[PDB]
Amino acid sequence: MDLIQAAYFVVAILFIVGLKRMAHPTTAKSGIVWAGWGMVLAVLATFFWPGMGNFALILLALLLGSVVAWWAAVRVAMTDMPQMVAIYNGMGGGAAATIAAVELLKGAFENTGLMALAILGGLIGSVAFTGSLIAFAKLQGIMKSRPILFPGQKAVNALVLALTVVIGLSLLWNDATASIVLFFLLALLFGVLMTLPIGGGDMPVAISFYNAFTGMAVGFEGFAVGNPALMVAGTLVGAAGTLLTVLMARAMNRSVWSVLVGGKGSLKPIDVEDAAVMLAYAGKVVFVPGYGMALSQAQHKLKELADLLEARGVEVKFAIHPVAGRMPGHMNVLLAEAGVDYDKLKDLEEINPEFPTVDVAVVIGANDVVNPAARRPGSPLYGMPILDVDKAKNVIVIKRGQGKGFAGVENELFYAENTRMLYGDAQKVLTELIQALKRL
Amino acid sequence: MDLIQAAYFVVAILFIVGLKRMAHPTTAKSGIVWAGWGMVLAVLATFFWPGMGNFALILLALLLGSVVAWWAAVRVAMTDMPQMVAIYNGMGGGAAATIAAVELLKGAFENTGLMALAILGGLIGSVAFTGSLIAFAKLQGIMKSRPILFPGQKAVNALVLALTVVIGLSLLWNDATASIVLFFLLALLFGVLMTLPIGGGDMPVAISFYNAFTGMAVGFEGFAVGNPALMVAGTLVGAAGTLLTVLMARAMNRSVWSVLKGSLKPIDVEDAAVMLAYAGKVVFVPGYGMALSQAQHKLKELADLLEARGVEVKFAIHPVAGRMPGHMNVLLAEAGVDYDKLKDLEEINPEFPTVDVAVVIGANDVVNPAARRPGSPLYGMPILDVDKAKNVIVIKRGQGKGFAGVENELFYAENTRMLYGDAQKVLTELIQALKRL
Amino acid sequence: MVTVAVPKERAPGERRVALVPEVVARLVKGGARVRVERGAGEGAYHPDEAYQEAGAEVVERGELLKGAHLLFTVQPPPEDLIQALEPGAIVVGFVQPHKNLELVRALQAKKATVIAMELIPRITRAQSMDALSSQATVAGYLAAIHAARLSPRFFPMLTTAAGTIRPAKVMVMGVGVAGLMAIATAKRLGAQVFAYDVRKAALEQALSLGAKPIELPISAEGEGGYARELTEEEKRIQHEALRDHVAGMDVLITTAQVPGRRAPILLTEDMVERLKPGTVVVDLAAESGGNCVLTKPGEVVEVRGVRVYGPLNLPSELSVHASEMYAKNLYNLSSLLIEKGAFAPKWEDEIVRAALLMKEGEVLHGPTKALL
Amino acid sequence: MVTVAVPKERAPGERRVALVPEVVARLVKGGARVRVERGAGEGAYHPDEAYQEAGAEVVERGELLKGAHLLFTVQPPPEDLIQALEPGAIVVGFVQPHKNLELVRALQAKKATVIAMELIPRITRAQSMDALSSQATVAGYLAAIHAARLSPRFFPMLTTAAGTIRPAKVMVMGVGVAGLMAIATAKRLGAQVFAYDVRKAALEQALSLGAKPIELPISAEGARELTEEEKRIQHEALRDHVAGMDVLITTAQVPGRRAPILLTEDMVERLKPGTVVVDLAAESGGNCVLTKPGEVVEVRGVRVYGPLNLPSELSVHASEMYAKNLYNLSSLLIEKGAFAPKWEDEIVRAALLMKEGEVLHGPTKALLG
Amino acid sequence: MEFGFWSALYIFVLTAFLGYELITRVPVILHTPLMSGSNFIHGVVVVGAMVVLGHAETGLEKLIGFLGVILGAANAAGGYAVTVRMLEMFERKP
Amino acid sequence: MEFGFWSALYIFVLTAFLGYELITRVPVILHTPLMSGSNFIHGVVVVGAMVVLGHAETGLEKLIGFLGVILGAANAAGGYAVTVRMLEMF
Ligand SMILES: NC(=O)c1ccc[n+]([C@@H]2O[C@H](COP(=O)([O-])OP(=O)(O)OC[C@H]3O[C@@H](n4cnc5c(N)ncnc54)[C@H](OP(=O)(O)O)[C@@H]3O)[C@@H](O)[C@H]2O)c1
Ligand SMILES: NC(=O)c1ccc[n+]([C@@H]2O[C@H](COP(=O)([O-])OP(=O)(O)OC[C@H]3O[C@@H](n4cnc5c(N)ncnc54)[C@H](OP(=O)(O)O)[C@@H]3O)[C@@H](O)[C@H]2O)c1
Ligand SMILES: NC(=O)c1ccc[n+]([C@@H]2O[C@H](COP(=O)([O-])OP(=O)(O)OC[C@H]3O[C@@H](n4cnc5c(N)ncnc54)[C@H](O)[C@@H]3O)[C@@H](O)[C@H]2O)c1
Ligand SMILES: NC(=O)c1ccc[n+]([C@@H]2O[C@H](COP(=O)([O-])OP(=O)(O)OC[C@H]3O[C@@H](n4cnc5c(N)ncnc54)[C@H](O)[C@@H]3O)[C@@H](O)[C@H]2O)c1
């Protein structure tokens, strides 16, 4: 099988390459095509796996399997996508569980390790199958999205699984074909049970967790029989999936353990890199400087970033609030210093009807001047001319902690659905922002 | 089914994780904590290799290799570090060529491809060993040289190689003791003849080149002896050294192939100290001159006195400033400069037009504006933008040049001024004059 | 349908006008009649015909105030204006009771509604009306311009093939609206600048531009907002270290003022004597006293070589922009007196109630009630 | 063992001292004796005791020229020192015969060697001696300061609670050494600046500092291709440009000639009220027609200032540079500390105005007839 | 961990760290399509089920292996299609 | 020890792509001490020189193995001490 293994070696590389290129901003599109050719060759090589039988049966399960999926995906809407991954993920766990049972019914191995990895791969597969279909059912509205509890379920899940394990281990000494499907349905059952307490909003992270679970399974199952391609791609997705799980929990401002059970708005912390993300790809950006920029002496790291944007062709404009800072024209002098051209410097009256077409709004050390409390007569901020920074499609704010402005009020702009927060010293962050944008 | 193998698996993970943790700066410190155990673990595990004899002789050569190098490593000055990589890189290369040598005298390969991986590793081993000994000879100084560049050498060097290859390929059907020696000799010949057209500068691009080579050698020999640690680590070192050579070749003004108007306006030490004290943003640009004189200790003392007054001080670090990779790094380490004052080119370049004074010490080509245009020789250079600063001070003895072979047009610009004298004889005069203001 | 007036100011050396043709143009666009005296904007280089094009009315003094509901003055209106007052009319503008004590007591015999512009509170509402900020801005600017005009020294660190000239060392003594303004322009030119004050918040405002703040062995302020009351063991070291730091200075720009008292002295005779010749003493506090002992109002003097200058009206010298900045201060304040071009005063307002000097021969301002 | 003498400058309204005490010290340690008159640097704020702390002898005016070999003047020596001189003695300093013809004829009647400081080569070798360089920068910096001083407008752009202030649009006409520092200081202030010159090389030096150049197109090097078509290329183009201006600083000059009329009458009528014209070329005519020499005039609404002797105003630094110009010039006249002039160096050979009385400079010698 | 024991145990850990480092330092706006990309990649289950189906003996092995080939074919063909449509929002509409 | 062809070629490829991507995100500040480590790591070349020396019989085979261990342990303990002090400079 030199031609198949050499193919499964060519297949091995293409996946990693695909995986690499699908992670990066610019190569994202092309990454999936690299992985697309690998599947064609691998399947074309296993048509030549020695001792292949039932060909008219192989071709049809390829036919009705390749279209049933391709159909279901191209026609549906753009917001029903979280659940579609889960179910395709589910069936992949089922597909691994199916490879597991066959060589278990054969008695094809008397090897005590291979069996143990065939079984352990079959367990997690059936769990990753029925788990992703319950996960599938919650976002669709066919099933209750909110967490589903019943009295004392932490001892029902853990003893359903504890048997699913002890019964899985029994297949080593006693692989009677009557304790195998009970092991399989126990995992198809624990598949349902453990995806019951997860919230409808908590479902994405669960799908990535089952995406790892399917990946892991096809690794161990790929090891259980002499199959290099499965060995390569399995743990390659598995190890990717668990990291994928934690980072997706890191973003939702939570942890993986909270979602596994969990039984006008709010502030939103963003890392220095994800801001450079929205900034590498925008078109209309407006910097809103405040007194914080001054205390940090940031002006030089700001103008440095603006030039990095002008080069990428990005339209950069500066919005100086009348009272921005502590003295009149406080910013104008500190921006005349860095060397900012005066045509890039516009006031409120000619820039406010321009904000609804502004993508990202980067506020730096400003607070009272950007505060949407100034519109209302009831606030100590009224009378002051207002900067329409909240109409911008996205907003990113820069400041160390909770420190207030002059007058001494909280800013409800920070809480906005289109506003995100960046913490730390001003020029210390812009430096990290410039460093991340050149990296992309 | 064995416990000598189990060591090697934990051995390789420690190499990889170490490597991973060594790659990044915050955890690099715990990095050598991880590979050192992978080396302590591996040596101990091979004492239990079934049926080992000569046990008195192995342990002696171990202590003779270990204690001799352990000593040489700690008692050598920090600036003389580039060649220490090369000589150990040699030792290992020699030790790799040896594994090929003994297992060809026995006639102990029941496979054609295994010999082809055993011999090829020795090819790399002998070359990477002997070349790093000539590199050693050209950085140290007891018979230092620039490129010798003899006429039509590229034809006779490519002749030797092809002749070693024909002798090497002759081992497959004829594993004669005579066919073993000449092969090694020619590999040790080519390995030298090859490090002849190499500059006493370009050596950084050659040591890692030999470092990756030693990695490949170790890789292939591991595959040849069925040794998983030398299998994994070998290619885990080679490929790292491979990218390493390129990243430190393209960080150079060069690629991986070239190796193989105004007026001067003088200034007094007292006039230069006046520029420093009132100067808000100062940047030191160091080079080979700081090294030759050993001015490093008189440079940080000026960086701290400016900082005690308030002056925002940063160090522009050209990856190629000096006669080795990170020559500035380890000297600005030996003195005790904070690495956060140490900035490479790309993070400090757009900071210059606002740098009040850009003090340059014993540097020329790294800050030469000729590297911009396709006419002059310095092209391909990641250029250091010192010319756009508002005031520039240059430290050098008189009318000397660098390496590539060009006069600097930075010296003549309306903004730049020169400071004549021995490097640390200048800086001490800068400190003590600034102390008087 | 309201009418509002704007006069030609009488105080010696004043070159300003309360309303400019531009702001006047948008107020008749607002819906009002504007009455203007013959040649009021001539100090700010806005000709007589510049206002007529806006939609106002150019007339002679006396005929100006018959009918009006709003008067917009720079400095407090004099006798012949105070008498021309109608009841239910509001007097908007600077008063400064302590210096214009006469023009004050004149307004009571006719029972007129006066609002002093110096008593605008400092929250956010009337920052677009904060005249204190706008005019001290203009002054602090020229304060530095004159400092380089009169300085025998390069403000910039001048480097040439000839030699190294160090930048002139400037000290801003008193850091406020004019102070910060003076500090900034001094660094524009290249001078290494110092900033003296007592408020730890003002010392932070200073370093934001790029200045080293003057902290003596005795920081005069701490926690809450209150400055220190030095006894006999401390106002001397405040003075001595304040005499040694000032000694090595080329320009001392001084801006320390109080709203009801004559300027407190920062530069004493002995601090003056320890000054080197060639030193420039700038004193904006001359309009109400002067920070330096040797300052005489409106005249340039020299003794032991030290040049001391004391200007009363800086906004007059930069009359074009100062008036323009002053007119919009009134315009955003017209958002509290004019309603769709109709006379709708707002007695309920916190800017008005916290700036209203009188209510028809009725001094609300306790301090203005205090001085009489 | 050589002796240097420093006289008090007595021309109408000057405070520049030839040698500051800090330079005399380099000469006293440089081997020389320096004689200084009683009260010379009291214009540049250098007291008597400052000079005697360096190593000099404070003496009377009649006592000033007893044995002294070199005479360092700022402006050409009055005739009371032309007579107290010594033989072979060589005078150094501005002589400029267009204001001092009769004092120039007084030095040639006496037979004294003289060097004029408006004759130093304008190549980069002799930039460390160049007086008018160090005395055109001191004026140009002040050209911008007086522009802002007299200006009723703001130079920088400022966004305040009271509207958006636009920067003062400044033009610096004739950009030499006085033109270069009149831009940068106006740039320091935050003004939008423009710079006009007949030369291509002074349009690139101006663009270098940041300003956008005015729209060409002549040569004239180096009022020669300027008068081809007789200045109807100069008067035609920038009449529409000056219409946007807030400030006009003019330094344009031709060595020994009348100052070319840059600002006429129909050009200053399009000028806005509050506009400022600073004319440094007031000492040999006027770039503008309305420049009354030494007086702050104002017509229609445009203030016209013609500043005579601007280095005088910035005495401490103008003298500090000028003395260094003289100290670095003293390396061709003083060997270790003994009178040793160089008659054979190209800098002395193109500047030696008179040797032994005979006027060596070209036209110099012309008019005196 | 077989073919032979140690060789693939290396492979396993060498794939565990390689997949890890490949996913370290990934942006936030690309969190779901890469998850859709990995979902496709582990759809390899087909190749192994094709063999398992090509080696079906006891008839009961003929149906559950027939299921797995479809189950896998759905994970693959369905993985690719979900990843392509997620990448077209990252492109401008021509 | 028994290591197959396809099992080894995967390892080969896996540790190759592993190291590659570890080294991708290196700061300029690390290049030299980072070089000193890889120099140390391949000092595992003692193990092989030790294995082959414990298998020598003739008079000329026993020598070059003794040579290979001195070079190896010198590459081993030499690479460690040059990097310990290079990493100490932190
Ligand atoms: N300009 C005038 O003439 C004038 C006159 C009167 C009143 N005012 C007042 O001035 C105020 C101007 O408002 P504004 O929005 O421009 O400023 P602001 O409301 O005072 O907000 C300043 C913010 O900057 C942040 N900051 C400070 N140092 C920082 C650093 N190193 N890095 C990052 N962030 C930093 C602070 O938060 P952290 O502490 O959490 O970092 C602080 O909340 C107005 O409220 C007005 O009432 C101005
Ligand atoms: N580091 C690397 O990675 C590397 C490796 C290979 C090649 N290179 C090449 O080397 C060049 C690097 O340029 P560089 O600026 O770092 O160094 P450089 O251009 O070689 O400059 C060396 C200068 O230092 C001065 N100097 C020597 N001793 C001195 C002392 N005691 N006091 C004062 N000055 C002294 C000399 O000038 P005076 O004689 O006038 O004093 C000499 O011109 C590049 O062109 C590059 O191609 C770099
Ligand atoms: N921001 C504010 O709250 C505020 C308050 C008042 C005035 N201002 C404005 O600031 C501008 C300038 O004023 P300033 O604040 O710079 O002046 P300033 O900060 O210099 O203060 C006045 C001076 O009085 C002295 N002083 C006061 N009490 C003393 C005591 N008990 N013992 C010894 N010395 C004492 C201090 O040395 C101080 O320098 C003015 O235009 C004014 O409108 C602002
Ligand atoms: N290293 C250097 O680059 C350097 C330094 C200093 C001086 N220089 C040289 O010294 C020379 C003397 O300069 P200066 O300061 O005595 O000149 P200046 O002070 O008399 O100013 C006159 C300037 O106006 C320009 N001008 C002449 N005729 C004009 C006209 N009709 N309209 C408009 N502009 C006109 C000239 O180009 C000149 O630059 C320059 O030519 C220059 O080349 C060179």
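Method of structure determination, per the deposited record: X-ray crystallography was used for this entry, reaching 6.926 Å resolution.

(A) Spotlight on the pairing of strand β4 (residues 360-364) of chain A. Residue and element names in this part refer to chain A. Burial within β4 is extensive, with 5 of its 5 residues counted as buried. The alternating pattern of β4 places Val360, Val362 and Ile364 on one face and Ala361 and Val363 on the opposite face, and all of these are buried. Where strand β1 (residues 284-289) and β4 come together, 5 bridges link them in parallel fashion. Note on β4: the bridge partner recorded for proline 289 is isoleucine 364. With 5 bridges connecting them, β4 and strand β5 (residues 394-398) associate as parallel partners. Residue pairing for β5: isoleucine 364 is matched across the bridge by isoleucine 398.

(B) Looking closely at the packing of aromatic side chains. A complete count under the given rule lists 29 aromatic pairs over all chains for this structure. Seen from their ring centres, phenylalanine 94 of chain C and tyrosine 326 of chain C are 6.3 Å apart, and the 15° between their planes marks the pair as stacked. With a gap of 232 residues between them, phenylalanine 94 of chain C in the loop between β5 (90-93) and α4 (101-108) and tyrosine 326 of chain C in helix α10 (residues 319-331) connect regions that are remote in the sequence. You can call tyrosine 326 of chain C buried: its relative accessible area is 1%. Over the ring of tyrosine 288 of chain B we find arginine 323 of chain B, and its NZ or CZ is 3.8 Å from the ring centre.

(C) Quick peek at the sheet that holds strand β2 (residues 312-317) of chain B. Residue and element names in this part refer to chain B. Judged by pairing direction, the sheet is parallel, and its 6 strands sit side by side in the order β3-β2-β1-β4-β5-β6 without closing on themselves. The open sheet is flanked by β3 (342-344) and β6 (416-420), the only strands paired with a single partner. Between one strand axis and the next, the sheet turns through 25° on average, direction left out of account.

(D) The arrangement of the UniProt feature "transmembrane region" (unreviewed entry) in chain F in detail. Residues and elements named next belong to chain F. According to UniProt, the "transmembrane region" (unreviewed entry) feature falls on residues 6-28, 40-57 and 63-83. As a span, residues 40-57 carries 61% helix and 0% strand, and end to end its C-alpha atoms are 30 Å apart. Annotated as 100% helix and 0% strand, the span residues 63-83 places its first and last C-alpha atoms 30 Å apart.

(E) Up close: the site of ligand 2. Residues and elements named next belong to chain B. Contacts to ligand 2 come from 34 residues, most closely from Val320, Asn364, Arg397, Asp422 and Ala423. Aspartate 365 has a polar side-chain atom sitting 3.0 Å from an oxygen atom of ligand 2. Here ligand 2 loses 95% of its free accessible area of 940 Å² to cover by the protein chains. Per-element tally for the shell around ligand 2: the top contributor is helix α11 (residues 288-293), with 4 residues. Grouping the amino acids of the shell around ligand 2 by side-chain chemistry returns 14 nonpolar, 12 polar and 8 charged. Each of domain 1 (76-250) and domain 2 (269-434) accounts for three or more of the residues forming the shell around ligand 2.

(F) Local environment of the domain arrangement of chain B. Residues and elements named next belong to chain B. Splitting chain B by domain gives domain 1 (76-250) and domain 2 (269-434). The centre of domain 1, based on its C-alpha atoms, is set 38 Å off from the matching centre of domain 2. Contact with domain 1, which involves 11 residues of that partner, is made by 9 residues of domain 2. Carbon and sulfur atoms make up 69% of the surface buried where domain 1 meets domain 2, a total of about 880 Å² over both sides. Residues that form the side of domain 1 that touches domain 2 fall into these classes: 6 nonpolar, 3 polar and 2 charged.

(G) The arrangement of the side chain of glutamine 5 of chain A in detail. Mapping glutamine 5 of chain A onto the fold places it in helix α1 (residues 2-21). Beyond its immediate chain neighbours, meaning those up to four positions away, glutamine 5 of chain A contacts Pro228 of chain A, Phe3 of chain E together with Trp6 and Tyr10 of chain F.

(H) Focus on the site of ligand 3. All names here are of chain C. Around ligand 3 sit 17 residues, and of these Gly174, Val175, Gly176, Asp197 and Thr255 come closest. In this structure, an oxygen atom belonging to ligand 3 sits 2.4 Å away from a side-chain N or O atom of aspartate 197. For ligand 3, whose free accessible area comes to 850 Å², the fraction covered by protein is 64%. Within the shell around ligand 3, the residues separate by chemical class into 8 nonpolar, 4 polar and 5 charged.

(I) Molecular detail of the sheet that holds strand β3 (residues 56-59) of chain D. All names here are of chain D. Taken together, the 8 strands give an open sheet; going across it, the order is β3-β2-β1-β4-β5-β6-β15-β16, and neighbouring strands pair in mixed fashion. Lying at the two open borders of the sheet, with one neighbouring strand each, are β3 and β16 (358-359). Pairing analysis gives 3 bridges linking strand β4 (residues 70-72) to strand β5 (residues 90-92), with the strands arranged parallel. Following the sheet pairing, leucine 70 is matched in β5 by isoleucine 90.

(J) Structural view of a nonpolar patch on the surface. A surface patch of nonpolar side chains, amounting to about 520 Å² of accessible area, comprises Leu60, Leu63, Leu64, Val67 and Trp71 of chain A. Position of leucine 64 of chain A among the secondary structure elements: in helix α3 (residues 55-74).

(K) Region of the structure containing helix α11 (residues 315-329) of chain D. Taking 1.5 Å per residue as the helical rise, α11 of chain D with its 15 residues ought to reach 21 Å, and the 20 Å between its terminal C-alpha atoms agrees with that figure. Within α11 of chain D, 13 of the 15 residues are buried, leaving the element largely enclosed by the surrounding structure.

(L) Representation of the interface of chain C and chain A within the structure. Taken together, the contact between chain C and chain A spans 18 residues of the former and 20 residues of the latter. Where chain C abuts chain A, roughly 1600 Å² becomes buried across the two surfaces, and 61% of that area is made up of carbon and sulfur atoms. Considering only the surface of chain C that becomes buried against chain A, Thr124, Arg125 and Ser208 of chain C emerge as the three largest contributors, covering 34% of it. Run the count over chain C and chain A and you get 0 salt bridges. Scanning the region where chain C abuts chain A turns up 6 residue pairs in polar contact. Put simply, the parts of the chain that give the side of chain C that touches chain A at least two residues each are α5 (131-150), α6 (177-189) and α7 (202-207) of chain C. Tallying contributions element by element places α6 of chain C first for the side of chain C that touches chain A, with 4 residues.

(M) Main features of the packing of helix α9 (residues 228-251) of chain A against helix α2 (residues 33-41) of chain E. Taken N-terminus to C-terminus, the directions of α9 of chain A and α2 of chain E make an angle of 155°; their axes are 9 Å apart at the nearest point. The angle between α9 of chain A and α2 of chain E falls in the class roughly antiparallel. Considering only the axes of α9 of chain A and α2 of chain E, their crossing is left-handed. On the side of α9 of chain A, the interface is formed by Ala233, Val237, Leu244 and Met248 of chain A, while α2 of chain E contributes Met35, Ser38 and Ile41 of chain E. For the contact of α9 of chain A with α2 of chain E, the residue count by class is 6 nonpolar, 1 polar and no charged.

Scoring rules and cut-offs
Residues numbered from 1 in each chain as written, not as in the entry; some residues may be left out. Chains lettered and ligands numbered in written order. Heavy atoms only, no water. Residues with missing side-chain atoms left out of burial classes, pairs and counts. Buried < 20%, exposed > 50% of the residue type's maximum accessible area, 1.4 Å probe, protein only. Helix = DSSP H or I, 4+ residues; strand = E, 2+ residues; numbered from the N terminus. Pairing = 2+ DSSP bridges. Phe/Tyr/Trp six-rings, centres within 6.5 Å; stacked < 30°, edge-to-face > 60°. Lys NZ or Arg CZ within 6 Å of the ring centre and 35° of its normal. Axes fitted to C-alpha atoms, helices over the stretch in contact; angles between N-to-C directions. UniProt positions renumbered as here; feature names shortened; annotations may be inferred. Near = heavy atom within 4 Å. Polar contact = N/O pair within 3.5 Å; in protein donor to acceptor, adjacent residues only side chain to side chain. Areas by Shrake-Rupley, 256 points an atom, 1.4 Å probe, with all protein chains shown as cover. Nonpolar A, V, L, I, M, F, W, Y, C, P; charged D, E, K, R; others polar. Domains from an automatic or database assignment. Contact = heavy atoms within 4.5 Å. Buried area = accessible area lost by both parts, 1.4 Å probe. Patch = residues over 30% accessible without salt bridge, like charges linked within 9 Å, V, L, I, M, F, W, Y side chains within 5 Å. Salt bridge = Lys/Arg side-chain N within 4 Å of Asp/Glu carboxyl O. Expected span 1.5 Å × (residues − 1). Parallel < 35°, antiparallel > 145°, perpendicular 65-115°, else oblique. Left-handed = near helix turned anticlockwise from the far one by under 90°.

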